[PDB]
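The structure appears right after this line, and notes come after that.
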Amino acid sequence: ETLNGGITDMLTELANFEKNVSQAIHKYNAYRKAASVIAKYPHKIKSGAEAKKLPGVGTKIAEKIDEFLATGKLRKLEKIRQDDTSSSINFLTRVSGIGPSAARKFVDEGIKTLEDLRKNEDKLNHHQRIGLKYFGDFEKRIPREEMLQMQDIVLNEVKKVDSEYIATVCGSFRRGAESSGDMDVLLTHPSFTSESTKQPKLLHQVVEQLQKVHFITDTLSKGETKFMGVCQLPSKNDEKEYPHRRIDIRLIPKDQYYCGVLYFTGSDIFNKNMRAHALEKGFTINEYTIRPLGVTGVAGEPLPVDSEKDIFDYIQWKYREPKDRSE
DNA sequence: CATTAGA
DNA sequence: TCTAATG
Ligand SMILES: [Mn+2]
Ligand SMILES: [Mn+2]
Ligand code: NA
Ligand code: NA
């Protein structure tokens, strides 16, 4: 956690580099398990050899550990850190839409800078277009203060359309969080559960509504159950316009809300920790359900959930407020 | 790990 | 279809 720190960190640095700049999924996969194990290791690793004893620890990596333990650096990390080509890949990547794959390609063609990205907006697909467009706005944290106004509106229209809808803004915002990256809204309706062969419109109507009023400004991706866009709070009575925010709403079979909800609420750890528990408690939890465990090794049979509570009860735990789902 | 664009 | 990008 801090004793193995640099090691895991140069290691991660290393891995990440192969996967993006290089198309070396393996080496990349190498660095990670290694980075994974030394990480767990209970003592200050003192030399390659020592490290080497570890599963996933090759001669390759071990050697890197030495140079790093010896000199508080690494040539390969320095060389990369410098590499203009590799720098560029790292960056274009920021654009919502641009992945490594396209990052290389662009680079090759010569789009290194943001401005390049501009002159060639043509080479970019709609996602990346918008990506490039709200580049600033996108990189900005979301004050809860705004999250409150946002949630407010979504909630309202959702309701105006059909009072029957249920909505939850999940994520950290739900979890107290002073700020948020983007807004996650989970949606479901009663007329839409496990079987009941869809009702695409279900999503659709709402999207239409939010746009109707100008909350949604653009569509990144809209499918029958997952809409992904851009929004913005009404820039008041001028002088102060609001930044464009990433928003995502998804339809959910009413019969799998709370789990899904439980789930997306986090935290990453509270979840795992929660999950790890239901296990002992004779269960199984996952993004949509909670099945009672059987001794033959495994088992099925989706237990009925009416609220975050039920889930808790099941595994017989103490209801934890979002606020304290911290871990 | 499953859902969308796109080619 | 597969392959990328998001989450
Ligand atoms: Mn979020
Ligand atoms: Mn998110
Ligand atoms: Na070994
Ligand atoms: Na990106």
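Going by the structure tokens order, chains are called A, B, ..., each with residues numbered from 1, while ligands are numbered from 1 in the order shown.
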
Next on the checklist: Distance limit 9 Å, atoms considered: only C-alpha atoms (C1' of nucleotides). Which chain A residues sit that close to chain B? Return them as number ranges by chain.
Outcome noted: A: 125, 127, 221-223, 225-226

Would you save the residues from that selection as a tab-separated table (two decimals), in the first residue's frame, using N, CA, C and O atoms?
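Writing the result to selection.tsv gives the following:
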chain	number	residue	atom	x	y	z
A	125	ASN	N	-15.73	10.88	-35.87
A	125	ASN	CA	-17.14	10.49	-35.82
A	125	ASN	C	-17.90	11.33	-34.80
A	125	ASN	O	-17.30	11.92	-33.92
A	127	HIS	N	-19.39	11.03	-31.91
A	127	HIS	CA	-19.05	10.95	-30.51
A	127	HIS	C	-17.87	11.85	-30.25
A	127	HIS	O	-17.97	12.81	-29.50
A	221	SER	N	-25.01	8.57	-27.54
A	221	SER	CA	-25.51	7.27	-27.93
A	221	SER	C	-26.88	6.91	-27.33
A	221	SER	O	-27.21	6.87	-26.13
A	222	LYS	N	-27.79	6.60	-28.18
A	222	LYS	CA	-29.05	6.30	-27.62
A	222	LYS	C	-29.51	4.96	-28.09
A	222	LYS	O	-29.67	4.72	-29.28
A	223	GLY	N	-29.74	4.05	-27.18
A	223	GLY	CA	-30.18	2.78	-27.63
A	223	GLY	C	-31.45	2.50	-26.96
A	223	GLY	O	-31.98	3.39	-26.33
A	225	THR	N	-32.00	0.99	-24.31
A	225	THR	CA	-32.04	0.81	-22.87
A	225	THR	C	-30.98	1.59	-22.21
A	225	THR	O	-30.94	1.62	-20.96
A	226	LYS	N	-30.15	2.20	-23.08
A	226	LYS	CA	-29.05	3.01	-22.62
A	226	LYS	C	-28.90	4.20	-23.50
A	226	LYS	O	-28.60	4.14	-24.69

Next on the checklist: as an MDAnalysis selection string, could you give me every residue of chain C near chain A (at most 9 Å apart, counting only C-alpha atoms (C1' of nucleotides))?
Outcome noted: chainID C and resid 4:6

Output C-alpha atoms (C1' of nucleotides) for every residue in that selection, as an mmCIF file, in the first residue's frame.
data_model
loop_
_atom_site.group_PDB
_atom_site.id
_atom_site.type_symbol
_atom_site.label_atom_id
_atom_site.label_comp_id
_atom_site.auth_asym_id
_atom_site.auth_seq_id
_atom_site.Cartn_x
_atom_site.Cartn_y
_atom_site.Cartn_z
ATOM 1 C "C1'" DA C 4 -13.969 -0.105 -30.627
ATOM 2 C "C1'" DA C 5 -15.255 3.010 -26.840
ATOM 3 C "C1'" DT C 6 -17.935 3.786 -22.614
#

Which chain A residues have any atom within 9 Å of an atom of ligand 3, and for each, what is the nearest pair of atoms with distance in Å to one decimal, counting only C-alpha atoms and all ligand atoms, rows sorted by chain and number, as JSON lines?
{"residue": "A:51", "atom": "CA", "partner": "ligand 3", "partner_atom_place_in_ligand_line": "1 (Na)", "distance": 8.2}
{"residue": "A:52", "atom": "CA", "partner": "ligand 3", "partner_atom_place_in_ligand_line": "1 (Na)", "distance": 5.4}
{"residue": "A:53", "atom": "CA", "partner": "ligand 3", "partner_atom_place_in_ligand_line": "1 (Na)", "distance": 4.5}
{"residue": "A:54", "atom": "CA", "partner": "ligand 3", "partner_atom_place_in_ligand_line": "1 (Na)", "distance": 4.3}
{"residue": "A:55", "atom": "CA", "partner": "ligand 3", "partner_atom_place_in_ligand_line": "1 (Na)", "distance": 4.3}
{"residue": "A:56", "atom": "CA", "partner": "ligand 3", "partner_atom_place_in_ligand_line": "1 (Na)", "distance": 5.9}
{"residue": "A:57", "atom": "CA", "partner": "ligand 3", "partner_atom_place_in_ligand_line": "1 (Na)", "distance": 5.0}
{"residue": "A:58", "atom": "CA", "partner": "ligand 3", "partner_atom_place_in_ligand_line": "1 (Na)", "distance": 6.1}
{"residue": "A:59", "atom": "CA", "partner": "ligand 3", "partner_atom_place_in_ligand_line": "1 (Na)", "distance": 8.6}

Restrict the selected residues to N, CA, C and O atoms and save them as a compact mmCIF listing (two decimals), in the first residue's frame.
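Listing of result_18.txt after writing:
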# COMPACT_ATOMS: atom_id res chain seq x y z
N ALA A 51 11.99 -10.24 -5.15
CA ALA A 51 10.76 -10.02 -5.88
C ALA A 51 10.49 -11.18 -6.73
O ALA A 51 9.41 -11.74 -6.72
N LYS A 52 11.56 -11.50 -7.44
CA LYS A 52 11.65 -12.60 -8.40
C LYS A 52 10.97 -13.93 -8.01
O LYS A 52 10.41 -14.65 -8.87
N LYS A 53 11.03 -14.20 -6.71
CA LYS A 53 10.46 -15.36 -6.06
C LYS A 53 8.97 -15.42 -6.30
O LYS A 53 8.31 -16.46 -6.17
N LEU A 54 8.45 -14.25 -6.63
CA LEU A 54 7.04 -14.11 -6.89
C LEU A 54 6.51 -14.60 -8.24
O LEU A 54 7.14 -14.53 -9.35
N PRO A 55 5.31 -15.11 -8.09
CA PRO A 55 4.57 -15.60 -9.18
C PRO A 55 4.25 -14.36 -10.05
O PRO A 55 3.65 -13.33 -9.61
N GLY A 56 4.67 -14.48 -11.31
CA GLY A 56 4.49 -13.45 -12.30
C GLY A 56 5.74 -12.66 -12.39
O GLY A 56 5.88 -11.78 -13.27
N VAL A 57 6.65 -12.97 -11.46
CA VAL A 57 7.87 -12.22 -11.50
C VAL A 57 9.00 -12.85 -12.20
O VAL A 57 9.68 -13.77 -11.75
N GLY A 58 9.13 -12.33 -13.36
CA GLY A 58 10.12 -12.81 -14.22
C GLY A 58 11.42 -12.14 -13.99
O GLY A 58 11.62 -11.35 -13.06
N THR A 59 12.28 -12.53 -14.89
CA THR A 59 13.59 -12.02 -14.89
C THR A 59 13.50 -10.63 -15.48
O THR A 59 14.27 -9.74 -15.05

Checklist entry - Residues within 12 Å of ligand 1 (only C-alpha atoms (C1' of nucleotides) and all ligand atoms), as a VMD selection string? => result (chain A and resid 141 to 142 144 147 169 to 175 177 to 186 245 to 249 264 to 268) or (chain C and resid 7)

Next on the checklist: Among range 60-259 of chain A, which residues does DSSP mark as helix (DSSP H, G or I) when it is run on the backbone? Keep the chain and numbering as in the structure and answer as a count of residues only.
Outcome noted: 96

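Interatomic distance, CA of residue 134 in chain A against CA of residue 110 in chain A: 22.1 Å.
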